[PDB]
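In the structure tokens that follow, the same protein chain appears in two forms, which are kept apart as structure 1 and structure 2.
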Structure 1
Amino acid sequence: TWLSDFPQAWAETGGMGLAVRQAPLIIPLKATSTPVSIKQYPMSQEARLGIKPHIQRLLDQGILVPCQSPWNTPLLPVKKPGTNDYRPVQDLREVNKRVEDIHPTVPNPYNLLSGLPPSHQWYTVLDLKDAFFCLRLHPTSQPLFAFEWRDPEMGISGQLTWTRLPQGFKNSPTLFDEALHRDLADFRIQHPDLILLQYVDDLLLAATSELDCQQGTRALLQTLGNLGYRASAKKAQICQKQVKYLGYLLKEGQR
């Protein structure tokens, strides 16, 4: 039961993550950018009730905080089902347009896999839960991602914003990927034999013997939990010779 050996490493028992070694991120704007404030589109009580719990939880976790900002983007009530539960999706497109571009350093899955040697048949796959939220946003950049929120009967003043790298921000994947690479550089050095593939929040650890893939996995989980990241114990694929990774099925140095 790896779940018991490494409590801090699993989202199930380690609590929300926070990459303690990473300095809060500063988001540079384009040279000519000025704040854009888009009024919130009227939302139905149904959508609001559906979204409320999520907002409340984020506030209690400190991921969302009240604020007053010249920036504002609309919240979209998206129901994953065909007519069930909602989830808040923020339309950060006008903000993305005003933020300075950075080089896309995340390798496409195909090329990433080309780094998998035939010798390592034992793989481990971990998915980091709420990856972006583990990265802090510098207070000077937080106002950029503000949106409107209310409760027709008592509630928050008006706007809330993120204290962590938000979903929907064009640079979140790249910044997370680069941050985790910095945090796992030492681990790679301490395990010259192991093969560690990273695709934003999806990790594939490779090894020759179940002993390696096993001892290596223990070190990774311990390392991850220690750095402040959290993996999904639910979806975790430990020391297998066949696993699903990035939409592929790895089985015998194949796919």
Structure 2
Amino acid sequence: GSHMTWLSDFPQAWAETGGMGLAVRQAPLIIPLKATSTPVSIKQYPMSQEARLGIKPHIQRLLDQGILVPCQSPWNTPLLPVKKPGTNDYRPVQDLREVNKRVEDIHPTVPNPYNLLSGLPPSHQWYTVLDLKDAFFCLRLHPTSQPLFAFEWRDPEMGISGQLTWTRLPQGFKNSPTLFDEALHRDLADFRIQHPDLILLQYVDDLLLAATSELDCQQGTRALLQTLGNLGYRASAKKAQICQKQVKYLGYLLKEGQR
């Protein structure tokens, strides 16, 4: 009915009103390195405070959430302050290229879009699209593993004087997409069995549910949201697509036709 009916009836699931997610059934991830890689410490390109504090709030919510924590490893990558053109709208992009080229490489395992969507029968024509905000942060990076992603950052005001590292899957990592998509596939393994009349599509952090009735869809969406909630994930309510007869899933479009 109202977006808020869904929002209020399931605050545990939504990212907006429900705290940052964290895959609870998911063990810390180890990041196996290439048979012979060795720590490489790239240096932080001189950064103009004008831009540092322009990106500081970003590091803050992360430092506070414990997703970014102090440390000191022989690894190091540059933090690149990316300013959206024509706006003091700064955001950090870690250049994890070196690290990436020393970390063993995992083969992808992602359902090419098109096909995946093609298998969906005319029977199920009520869709629900959801995208788990901050999907990678939901996955814990094993202890003995975070040193790799360390980037230099000093803030007396935050008890940081050297470098932070991640405790979750950081954007910019190459195996991040295939690892997550897999864990989520593993956490929705049960859910799909629970609902043999629903079709559950997922591309890493993008999910689509299709039912034969708006009701079956609604109920399916509840059981759905609720399963992600307790699991630790968090759906984006602003970009939520709720029991609708037509939706955009993966740059695609879907009720009685196509793109």
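Numbering runs along the sequence of structure 1, starting at 1. Only the largest set of C-alpha atoms that superpose within 1.5 Å between the two forms is called the rigid core. Residues that one form lacks are left out of the comparison.
Superposing the rigid core between structure 1 and structure 2 leaves a single residue from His138, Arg182, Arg93, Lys80 with a C-alpha shift of at least 2 Å: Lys80.
A displacement of 2 angstroms or greater separates the C-alpha positions of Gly155 between structure 1 and structure 2, with the rigid core held in common.
On rigid-core superposition between structure 1 and structure 2, the C-alpha of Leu246 is found to move 0.5 angstrom. When the core is overlaid, the C-alpha of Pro118 ends up 1.6 Å from its other position between structure 1 and structure 2. Listed in sequence order, 80 to 84, 150 to 155, 253 to 255 mark where three or more consecutive residues have CA shifts of 2 Å or more between structure 1 and structure 2 on superposition of the core.
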